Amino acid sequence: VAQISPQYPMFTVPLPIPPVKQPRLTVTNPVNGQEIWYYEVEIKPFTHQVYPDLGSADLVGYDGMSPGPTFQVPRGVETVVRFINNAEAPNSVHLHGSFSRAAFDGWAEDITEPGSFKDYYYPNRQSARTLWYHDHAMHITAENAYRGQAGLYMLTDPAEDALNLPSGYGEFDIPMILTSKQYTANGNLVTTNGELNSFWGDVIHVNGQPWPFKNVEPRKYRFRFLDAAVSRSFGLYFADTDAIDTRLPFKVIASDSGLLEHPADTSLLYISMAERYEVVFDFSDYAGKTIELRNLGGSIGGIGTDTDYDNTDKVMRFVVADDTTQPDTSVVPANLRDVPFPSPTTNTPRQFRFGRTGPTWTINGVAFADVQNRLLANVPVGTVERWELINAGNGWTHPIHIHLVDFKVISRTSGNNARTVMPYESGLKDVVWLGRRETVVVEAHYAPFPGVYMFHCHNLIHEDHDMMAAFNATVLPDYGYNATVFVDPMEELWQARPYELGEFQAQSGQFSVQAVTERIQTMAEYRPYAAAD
């Protein structure tokens, strides 16, 4: 299909890298004595230029940048972020991949209007993994993310750093935030408002950059891949600019929840919205040349339904250098980690069906906005449940995300005989792609925190209208751990707070180090994430 967005001079701009995020301070957690990093993220409108000739894009991002700044949080240390809505429409932040407490996870109605803020308290207790934070405000999540509200966040671990993979953000450890958008003639974004099926977009970006280049060295590299698009799934492969139809093969080191048990040797990476895979690519043998990362056309090989455009088969270009400026000491081992799969159950799976009821995308025929029927499962905490995710349709694809949890992919059956379980789905994830006529079952231990959590399709057009539901992690009244105050995401105690706007830049009022400090220490005392120890 012919491109709508103006013509772009491609592979002409070097790959941008989002800066890391700095905490404002630390606060002493009175329970254990440890400290707590505290960030302050403002959400403001800003204007950015993509088409080097004319026109700027009207955005709204985390700190006035899309993608928002990146978080490298060492495991163990609890972290806390204040999100300050200085924008034009409500917001609700989700840190995709953290088993936070219900009121810190980005419940779609737990929202912050402009002229207010809200503090999120994150445990940072899980395994090394790559996470991202995005808006989750009800029914406007597509457009809030489309315009810039998303970013990186890495739960790191020095133990696995003792594997000497290509290390170091920005040089051997590079982020790949894939989006797919569309622009006006004048240069501005075209709104996702009014789309009821999918917004594919005809312009491909990495780190907010349409069709860019990166010069590299003939050595192993770590690439972190994230499909942050609204509706587009990707089918990625590498090919030498001179046999563009030949797939260069690579190694997939980690999925959404972290490393797989063994590097998945592959040559084509199926990746849908919100999925994360980490790839290492030996640029060893391609010295001198110029490798191109491409996107599988034909609606991702008949897995999906995406509309392809003139230039949505190209993602970006890699220029290998003539020589390594210093040799490749980095390494990729063959055993990677022990993966804590959940102790298998044998029970019959719970069934969730993802379709539309007339014009509305539903799960088992209910729409998120339907408060009565929104809750579709009660799972007592500590339960393991297999869940069967069913896309019976031929004209829609559905990457299904479940909050709090990390699950193992048990099975996929494709009505189109298209595929079975893929080799990089052997570890742990929190998002699975239901392709055309696909049914998947996943297994996950529902632990360790009670609370009311979301699950939904991560096609933001679908999610917004209205393919999203809720499950309740249940305990008995004798449980404890203060759970009585962390199960309701709308708990009036963790809600947003108005702020006098100029007191934010003066660090007065609620932002004085002591108010900042009293509040966090107040917060810490509740021992929120203590059930994980």
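Throughout, we count residues from 1 along the sequence that is shown.
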Between 357-365 and 68-76, the record assigns the higher mean Cα B factor to 68-76
Assert higher mean C-alpha B factor (326-334 or 78-86, deposited values) equals 326-334
Per the deposited B-factor column, the C-alpha that peaks among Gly194, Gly298, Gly427, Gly435 belongs to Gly427
Of the residues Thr141, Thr348, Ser272, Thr305, the one whose Cα carries the largest B-factor in the deposited record is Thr348
Sorting the chain's modelled residues by C-alpha B-factor and splitting them into thirds places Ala530 in the highest
Entry-reported C-alpha B-factor of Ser284 relative to its chain, by third, is highest
On the chain's distribution of Cα B-factors, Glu109 falls within the third called lowest
Chain-relative C-alpha B factor for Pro158 (record values, thirds): the highest
Entry-reported C-alpha B-factor of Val320 relative to its chain, by third, is highest
